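# sequence, then structure. It's an experimental one.
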Amino acid sequence: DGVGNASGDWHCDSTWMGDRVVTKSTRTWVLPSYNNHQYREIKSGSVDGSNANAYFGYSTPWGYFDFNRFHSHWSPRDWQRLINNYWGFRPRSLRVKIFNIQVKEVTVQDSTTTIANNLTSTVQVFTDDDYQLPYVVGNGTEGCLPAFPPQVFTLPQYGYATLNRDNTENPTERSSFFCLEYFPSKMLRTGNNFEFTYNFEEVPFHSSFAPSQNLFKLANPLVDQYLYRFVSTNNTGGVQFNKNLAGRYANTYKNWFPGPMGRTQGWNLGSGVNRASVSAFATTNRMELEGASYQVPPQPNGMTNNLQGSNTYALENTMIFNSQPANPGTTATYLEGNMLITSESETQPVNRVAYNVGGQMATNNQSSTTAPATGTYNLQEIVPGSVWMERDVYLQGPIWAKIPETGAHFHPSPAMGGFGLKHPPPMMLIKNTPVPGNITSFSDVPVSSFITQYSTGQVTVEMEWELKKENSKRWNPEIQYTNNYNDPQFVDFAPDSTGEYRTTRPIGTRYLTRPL
Amino acid sequence: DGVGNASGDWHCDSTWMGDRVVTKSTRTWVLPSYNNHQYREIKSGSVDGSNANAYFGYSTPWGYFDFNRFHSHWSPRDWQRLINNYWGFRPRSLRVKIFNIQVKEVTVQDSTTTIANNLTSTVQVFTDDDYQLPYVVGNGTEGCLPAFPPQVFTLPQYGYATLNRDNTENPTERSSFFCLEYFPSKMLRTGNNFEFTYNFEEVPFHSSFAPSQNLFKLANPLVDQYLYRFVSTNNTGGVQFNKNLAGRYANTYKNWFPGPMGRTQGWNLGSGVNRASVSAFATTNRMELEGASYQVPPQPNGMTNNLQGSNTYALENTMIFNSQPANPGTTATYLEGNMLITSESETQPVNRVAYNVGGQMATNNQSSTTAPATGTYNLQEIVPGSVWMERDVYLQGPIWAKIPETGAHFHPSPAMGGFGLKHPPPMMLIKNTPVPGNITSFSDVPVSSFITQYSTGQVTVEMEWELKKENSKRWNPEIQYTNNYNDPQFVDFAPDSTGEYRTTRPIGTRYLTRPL
Amino acid sequence: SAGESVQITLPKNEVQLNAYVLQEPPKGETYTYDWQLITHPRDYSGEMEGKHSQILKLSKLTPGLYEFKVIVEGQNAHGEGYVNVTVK
Amino acid sequence: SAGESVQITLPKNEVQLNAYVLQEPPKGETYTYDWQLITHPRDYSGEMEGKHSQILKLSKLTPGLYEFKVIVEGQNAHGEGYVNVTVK
């Protein structure tokens, strides 16, 4: 339309309408001109003594919008309203809007650096709707819409790794290059706006409740089982049985089993002595792939990293966030006091404890001459009639992940939590259209001098979520997420005296309970 | 619309149409970028030796429109036309408009400080229609549309106090943070405008008349009462009566009583000696709340601060204005010559005098051995069959106050005068949308360098008022507000030689009289 | 800045106020003082003579508080003093 | 730039930090130091006194990592140092 008319309005809200809730968020973004308008091939060799660190890829001059964190859509208080009242939820639709664009030209003649706005410049924008480009959004990386609405953010630069050859920096004949200018995009001048809608594919509700019963003790403690059990042999070797009594859960027959587990190492937070001067890496859990060794946090779903009322944590089975945002490439050594360490202790009635052995079993064949022997195991995968709880979602965590296209997968639920999607919300890429400097003669060699500039604008995301109403018959009152602080020095989830947003705790999702 | 077309026109007027009068005011406002775009948590401890001064709250980067002063809508001359002819009035509707916006960018490179206008910048605006935010408008604070139409004003910064813990600067677990960007707002570029309408809820007419009779002398001075009164006991103790004679008002039986009173201290203005070298604070009237002691001017309604034709004033039962506007945070010691001290002497026939005792009463039980004793009282609250007059409204005073939501109140009429409203004219907030400076690299840390800028525009308020026609049968002429000055050196309510607006007197509202 | 406060009484009122600034410059460089009356009694009609000079003259002072603000600037040196007058 | 890292323990916490810059100027030219707390424990409420001075004073330090960034500039000479504090 025009220069003196606004292309959209500010919307931040939450509208609860029974079975649905609609969240809206608007933020102000700024977009730098990345790479100075060109593609570069980026690469690395073996860094920090690990060739799993090697890669080969491309950085592009595009930036993208990333809103795959819950705090980008939920306020602390609406999150509390959700986890204290519902049993589950899932995303239904998405609507995005980019508007009020402003391109600024920057000129640094004689160290004066003046910023003027360029009314005729454009930004290009497109969404990759067929998933033809490497999807980098759901991998726990930075650059999402901020938690707090008044914050202004920088869009991150799009880049991707393709195939490297033999754990070195070199490409292979299969490494691909994707040119993003090879997709159709819209061009927007200062009076233009971009709009985009999306519907999620039917996914299972997240389970925002904790189990009120232990999986191995579902039998009625008042009645005995009509099943018996082998309990020994007499002085001659003949077998003897005993009836499974009422409430002797250590012996009853079971119908269901706990989920898969792979033992992780346990460390003590706060009080609780640990081995001094250790170097985690050398002894962490790894998986090999293409000849290299990778750490695999947070480990696959089906375990619990903490046992309620204990300070031992299987740290690599844990999501660890920082209480605040950090600068790029920081190598500082943070301590427990700076972190937001999550705990999955409310799944312990169903998920095995990560730092303990998973059980034991027969190692030999007993005979008149050999005594029965058993041996414990450290890992155990899926068996039939197995049940576990998926990892929890936090307000500061990720909403979805793309399920990789390979044609074969098992139980597509991402290790970091959230929804696993075949076709997730498409990537939205954006860049400042290049504007050439003063060029006076002809050359077949591509132009390399540009006017420096950047853009800024507003972005609105509108998500509809479907809720699963809590339907309990528990008599006594439940546990609820509550604002409880002893002698607060500042309000949590609010700006402090400096104006910086504070958050002292990770807020999970399981407060309500249910009988198994 | 566009850059070269104006978004609205200038309207200043007063249209009297019988039972209604419609006032229109347009002013030019300027809006600074407050706090540099961020929320800050503000707080204070015990200041000036009083912990009632402690607080905890938040300043925001928003400013607001405040038109809750009568002089924002009435000219001195229309005010005179109202108070000399009507018995009452009340507000009916409100219409507000913000237009002709202009955002200016300020650059101070090499001490040159140049101001250019930025055609693509926005201001955000919204009205809090559900009263979800702390309402700070009706509390006698500055920043309203000016009295004189040519004056340009700065919008004040929105801030609020929430709960502090134990009369200290610390918050409590109940202290709340309100993010204003969490409401839906409009964005306006230089060609846009904002419009908003409101209807007041049926309120009682203000009473702009003085009583022509004294409440204790409503009986006909020509007839005696058919009621008698105890006047003494004879030498034996037997009781004796006397008929209540005609016009002996000190003894008649009464049906109605004066309003509530709490004794305030009386001081002499002009001629009239006072105690020398006093420090008011230590002996002023206080109310305790949460463990702290607060001064409570102007005291609750139902008293008179001055007795007509006297120079003794119960100063804390008085509204004291300055003859002119002052700078922020002035600690100067003003004298009577600089003030506009209001007087409620025209309510004396119905309201008790604040610096005198309220009456007296029985303290013992008389018997043959003890003589009847009595004791005076300094405070007396509401009794049944009590009548009083509310405080008057002045041209330089407040129009309305929000009645606090608590579920329980008595006679919701604000101590400072005006209308008490359940749902008052919603707050209108406004701010300059932030525009980031030159940002060249990505960071997850929020942007903190902005282009400095400010905005300006016009604001039009249109209020409809309903009038109560004066219907008297008084024969002799009445008192009227009149422009009377002996040897004027300058015209009052006009700009002086310097161009600054002068006002030498508070103009109340009661000139007309009525029999009780 | 400073905050020199003066006081007077009785019928007499006409008074003159000088200006004192620190870091006095050379004879070749004179400053252009400027006085601003920021607060005065509501009755005060009076006048101000020689504002741009060092001495501002006041006449016809009615009882009350008077707030002034002299501003002294020059070549790379802005400044100002404050003065309160109280009449009884 | 530099990266001086300090450490403390026990209940004591209140500490002060000075600023050291290379290429020290003349007495007539003093710089305006500026401190910025870029990382602190989530519990840290504390305060910062004398930021624009050479010595920043800290009080009420809870256990964790503290990241500071003093910036020293003057006439044609911008600069800055970095400092980490670790409390046990």
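Great, that's in hand. Residues are numbered from 1 along each chain as shown, chains lettered A, B, ... in the order given.
# which bits of chain A sit near chain D?
Residues of chain A lying close to chain D by CB under 8 Å from any CB of the partner chain are A:323-324, A:326-327, A:332-340, A:489-490, A:502-505. For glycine as for every other residue, the C-beta is placed from the backbone atoms N, C-alpha and C.
# how close does the residue of chain C found nearest chain B sit to residue B:331?
Scanning chain C for the residue nearest chain B gives residue C:64, at 2.8 Å (criterion: CB to the nearest CB). According to CB to CB, to the nearest Å, residue C:64 stands 17 Å off from residue B:331.
# more neighbours, these two?
Neighbours of residue C:64 and residue B:331, each counted by other CB atoms under 10 Å in any protein chain shown, are more numerous for residue C:64; the result is 22 against 4.
# wait, that one touches residue B:335, no?
Yes. Applying CB atoms under 8 Å as the test, residue C:64 and residue B:335 come out as touching, 5.0 Å apart.
# how about the nearest residue to the residue in the stretch 401-516 of chain A that chain D sits nearest to, chain neighbours excluded?
Closest approach between the stretch 401-516 of chain A and chain D, counting by CB to the nearest CB: residue A:489, at 3.3 Å. Leaving out its chain neighbours, the residue that sits closest to residue A:489 by CB to CB, 6 or more residues apart in numbering or on different chains is residue D:45, at 3.3 Å.
# residue contacts, that neighbour?
Residues in contact with residue D:45 (CB atoms under 8 Å, 6 or more residues apart in numbering or on different chains) are A:489, A:490, D:60.
# ok, the first one to residue D:17 distance?
Spelled out, that is residue A:489. Using CB to CB, residue A:489 is found at 22 Å from residue D:17.
# neighbour count: the two, which is higher?
The residue with more neighbours, out of residue A:489 and residue D:17, is residue D:17; 18 against 15, by other CB under 10 Å.
# tell me the contacts of the more buried one?
By CB under 8 Å, 6+ apart, the residues touching residue D:17 are D:6, D:55, D:56, D:58, D:68, D:70, D:83, D:85.
# over to residue C:52?
With CB under 8 Å, 6+ apart, residue C:52 has these contacts: C:32, C:33, C:34.
# the residues you listed in strands, which ones?
When the contacts of residue C:52 are checked against strands using DSSP state E, none is located there.
# tell me how many other residues crowd the closest residue to residue A:389 other than its chain neighbours.
Of all residues beyond its chain neighbours, the one nearest residue A:389 is residue A:347 (4.2 Å), with distances taken as CB to CB, 6+ apart. Residue crowding around residue A:347 was assessed by other CB under 10 Å; the count is 26.
# equivalent analysis for residue A:315, please.
Using other CB under 10 Å as the criterion, residue A:315 is surrounded by 21 other residues.
# what sits against it?
If a contact means CB under 8 Å, 6+ apart, then residue A:315 has A:264, A:265, A:266, A:267, A:305 as its contacts.
# mind listing the strands for chain C?
The residue ranges that make up the strands of chain C, judged by DSSP E, are C:4-8, C:15-17, C:37-39, C:47-49, C:56-59, C:64-71, C:80-87.
# would you tell me which one of those is buried the most?
Per-stretch averages of neighbours, counted by mean count of other CB atoms under 10 Å in any protein chain shown, single out strand C:64-71 among those, with a mean of 20.
# looking at this, residue A:65 is in a strand?
Yes. Counting by DSSP: H, G, I helix; E, B strand; the rest coil, residue A:65 falls inside a strand.
# partners of the closest residue to it other than its chain neighbours in the sheet?
Counting by CB to CB, 6+ apart, residue A:65 lies nearest to residue A:428, which is 4.5 Å off, once chain neighbours are set aside. For residue A:428, the residues forming beta bridges with it (DSSP bridges) are residue A:65, residue A:127.
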